[PDB]
């Protein structure tokens, strides 16, 4: 039937919005990996088809059952994002604003792009001071506040400091609650998977910018990714100048 073109923000959870349509529009990267905003919308659905045909080019669309996914770019520009969204078949969709988080686009840029399409879009809904604390200060803060502290296991200087401060700790990937509460991860897992994990734990964090250095990101790229966190976080950067730069991004 003819589609009633619109962009409408709802305040309902995914399940509570399905009365409008069963169709979900997801965002993926060139490898078929789901954007953190899309990753929580595929519960109890086989998503083998997303990575099955990787690698993809921006604008590629993959579909199966109630799911539609489009490969979006990283702000290259708004033109590229518009062009990608135009490839989605016209229909009624529950979705999120495209290009958020690591992709670097703003909510205003996403609204502009969706309003140029002919689909009916139903948009699902959705801080602590920035500091320059050294590792010893961060560990002391995590210990007294019980905030979760993400730690990259490949950063040997950090692992050796934790082993020496918390004698007897058994460091392994995942949550380790010994002296302080840590989330140990490898750089061999994506920043997106890490953000999804921290969002699911739903704990307040004390953290360095995620992806910065460990995943080859610069501070601006890490700041963009950090927008995908749905938990409160005390972010600690390298120096007082990096505080201005980070809060500037």
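Numbering follows the first chain given and starts at 1.
- Coordinates are given for every deposited residue between residue 141 and residue 142; the gap count there is zero.
- Per the record, residue 126 and residue 127 are separated by a gap of 4 to 9 residues from the deposited sequence that were not modelled.
- Comparing 50-58 with 211-219, the higher mean C-alpha B-factor in the PDB entry belongs to 50-58.
- Across the two stretches, 64-72 and 192-200, the PDB entry reports the greater mean Cα temperature factor for 64-72.
- When the Cα B-factors of 171, 149, 117, 158 are read from the PDB record, 117 comes out highest.
- Remark: of 132, 96, 145, 106, 106 shows the highest value [criterion: C-alpha B-factor in the PDB entry].
- Placement of the Cα temperature factor of residue 45 within the chain: middle third of the modelled residues, per the deposited record.
- Ranked by C-alpha B-factor against the other modelled residues of its chain, residue 31 falls in the highest third.
- For residue 10, the recorded CA B-factor ranks within the highest third of the chain. Only modelled residues enter the ranking.
- When the modelled residues of the chain are ordered by C-alpha B-factor, residue 176 sits in the lowest third.
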